[PDB]
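Worksheet: the structure to be examined is printed underneath.
Values reported hereafter were calculated over all heavy atoms of this structure, with side chains retained and with hydrogens, waters and symmetry mates removed. Residue numbers begin at 1 in each chain, while the letters A, B, ... track the order of the sequences.
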Amino acid sequence: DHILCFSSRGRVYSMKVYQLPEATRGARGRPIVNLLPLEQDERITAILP
DNA sequence: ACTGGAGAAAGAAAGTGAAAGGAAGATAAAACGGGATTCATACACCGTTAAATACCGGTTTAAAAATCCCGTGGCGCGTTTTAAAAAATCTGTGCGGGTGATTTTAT
């Protein structure tokens, strides 16, 4: 599926679901800055499949 | 005395070997984060019941919804900039026969 990410400054980004890290129940995850060109204080606040 | 060639002195410009140092790299120790076990222990599922809550009938009333006039700033259009992505153009490289060349040790 496609994913539309809305940031805190009105920006929009597109990304496939299977490009996200896959982990287990006890893991933590990976920072999202490595996947999208965000700024120093820009956060994702909405997702639309 | 005078002339013109030649050798030697003297002076100025260019090449040189050595120079801190600093950004630019490079290499180890450390702190970190993600799997295999091991249970005791707290959590999931099953019968019982007092109690707390949902629901119906009829008011009401104060609050929110609806309506009209108007005056603006927030979108819309047309025309420029400006990064960003794409297409086009150069740069190396190795295959196998040919031409010609380099270096270090012992006695």
Side-chain angles (χ1 to χ4, degrees):
Chain A
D1 274 327
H2 294 73
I3 287 300
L4 299 181
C5 301
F6 297 86
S7 67
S8 178
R9 301 186 299 101
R11 313 285 291 186
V12 179
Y13 310 94
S14 181
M15 178 178 50
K16 277 294 191 302
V17 181
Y18 58 84
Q19 304 185 19
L20 298 179
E22 159 70 28
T24 59
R25 187 171 66 94
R28 176 183 175 183
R30 303 264 66 91
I32 205 178
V33 61
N34 305 129
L35 300 180
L36 299 178
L38 299 183
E39 295 184 359
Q40 72 289 345
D41 50 358
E42 192 176 12
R43 318 187 321 274
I44 303 299
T45 177
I47 299 180
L48 172 64

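- The same atom, P, is picked in B/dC56 and in B/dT60; the two are 22 Å apart, to the nearest Å.
- Nucleotide B/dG98 shows a positive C1'-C2'-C3'-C4' value and thus a north, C3'-endo-like sugar.
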For this session: For side-chain contact (heavy atoms from CB on, under 4.5 Å), just list the numbers for A/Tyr13 and A/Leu4, CA-CA rounded to whole Å, side-chain angles, deciding distance to a tenth of an Å, and then say yes or no.
Result: CA-CA 6 Å; A/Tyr13 310 94; A/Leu4 299 181; over 6 Å; no

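- A south sugar is assigned to B/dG96: the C1'-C2'-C3'-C4' torsion is negative, on the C2'-endo side.
- South is the pucker class for the sugar of B/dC39, given a negative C1'-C2'-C3'-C4' value.
- Side-chain contact check for A/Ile3 versus A/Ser14: every heavy-atom pair is 4.5 Å or farther apart.
- DNA chain B is contacted by no residue of residues 2-9 of chain A, taking any non-hydrogen atom closer than 4.0 Å.
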Between N or O atoms, less than 3.5 Å apart, protein on one side and nucleotides 82-84 of chain B on the other: list the pairs.
none

In a table with atom names and distances, give each donor-acceptor pair under 3.5 Å that connects a side chain of residues 18-47 of chain A to protein atoms at least two apart or in another chain.
from    : atom 1 : to      : atom 2 : distance (Å)
A/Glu39 : OE1    : A/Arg9  : NE     : 3.4
A/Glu39 : OE2    : A/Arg9  : NH2    : 2.9
A/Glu42 : OE1    : A/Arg9  : NH2    : 3.2
A/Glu42 : OE1    : A/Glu39 : N      : 3.2
A/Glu42 : OE2    : A/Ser7  : OG     : 2.8
A/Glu42 : OE2    : A/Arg9  : NH2    : 3.3

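- The torsion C1'-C2'-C3'-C4' is the criterion here, and for B/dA101 it is positive, giving a north pucker.
- Bases of consecutive nucleotides B/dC77 and B/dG78 are stacked, their six-membered rings being centred less than 5.5 Å apart at a plane angle below 30°.
- A south sugar is assigned to B/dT48: the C1'-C2'-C3'-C4' torsion is negative, on the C2'-endo side.
- B/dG21 and B/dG25 are spaced 15 Å apart, taking the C1' atom of each and rounding to whole Å.
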For this session: Summarise how protein sits on nucleotides 34-42 of chain B as a single string, 5' to 3': B when a protein heavy atom is under 4.0 Å from the base, S for sugar-phosphate-only contact, - for no contact.
Result: SS-------

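- B/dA64 shows a glycosidic angle more than 90° from 0 and is accordingly assigned anti.
- In DNA chain B, no run of at least 3 consecutive Watson-Crick or G-U pairs with both distances below 3.5 Å is found.
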